[PDB]
Amino acid sequence: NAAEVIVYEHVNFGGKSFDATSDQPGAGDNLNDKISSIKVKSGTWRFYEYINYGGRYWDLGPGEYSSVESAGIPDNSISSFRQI
Ligand SMILES: [Mg+2]
Ligand SMILES: [Mg+2]
Ligand code: NI
């Protein structure tokens with residue numbers, strides 16, 4: 001199905017933003033280890049600490065996560081993400 005997640009460089013949806021509708025083995029490339037807030041628009045997404053879907057991961061469905069820390073995810077750590 002259609003899935004969409006928006007990731008942001010700074011807390012409270014500030015800074016550079018990327019609007020993804022497909023899997024991101026490099027979290028784009030720009031926001032690797034810079035993701036600080038997230039809006040999941042549709043679908044369940046898995047977020048990984050290392051590129052190419054490696055290491056610890058955390059799953060999120062639709063929601064506005066104004067800080068990843070609040071969602072139990074380490075700040076500036078997400079390095080890839082994909083739909084699950
Ligand atoms: Mg950041
Ligand atoms: Mg990382
Ligand atoms: Ni900035």
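Each value in this text was obtained by applying a stated rule to the coordinates, not by laboratory testing. Here Cβ is always computed from backbone atoms with ideal geometry, including for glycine, and neighbour counts include all displayed protein chains.
Hey, does the stretch 24-31 have a residue that's away from ligand 2 (no atom under 11 Å from the Cβ), within 10 Å of the chain's Cα centre (by Cα), closer than 15 Å to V11 by Cα and part of a strand (DSSP E or B)? Within the stretch 24-31, not a single residue is away from ligand 2 (no atom under 11 Å from the Cβ), within 10 Å of the chain's Cα centre (by Cα), closer than 15 Å to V11 by Cα and part of a strand (DSSP E or B). For the stretch 15-47, residues that are more than 18 Å from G61 (Cα to Cα) and either within 11 Å of ligand 1 (Cβ to nearest atom) or not small (G, A, S) (or both) total 9. Against the numbered list (1) within 16 Å of ligand 1 (Cβ to nearest atom); (2) touching a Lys or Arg at 6+ places or on another chain (Cβ under 8 Å), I84 comes up short only at (1).
Within the stretch 1-23, the set of residues being among the small types (G, A, S), in a loop (DSSP other than H, G, I, E, B) and over 12 Å from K41 (Cα atoms) comprises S22 only.
Confirm whether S37 is touching a helix residue (DSSP H, G or I) at 6+ places or on another chain (Cβ under 6 Å), surrounded by 14 or more Cβ atoms within 10 Å (Cβ to Cβ) and within 25 Å of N1 (Cα to Cα). Answer is yes for this residue. Pick from the stretch 63-75 the residues that are surrounded by 14 or more Cβ atoms within 10 Å (Cβ to Cβ) and in contact with a strand residue (DSSP E or B) (Cβ under 9 Å, 6 or more places away or on another chain): which of them is nearest to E4 (Cα to Cα)? Ranking the qualifying residues of the stretch 63-75, first place goes to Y65. Checking the stated criteria, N12 turns out not to satisfy the condition of being surrounded by fewer than 18 Cβ atoms within 10 Å (Cβ to Cβ), away from ligand 1 (no atom under 12 Å from the Cβ) and on the phi > 0 side of the Ramachandran plot. Residue count for the stretch 32-84 satisfying the condition of being in a strand (DSSP E or B) and not aromatic (F, W, Y): 18.
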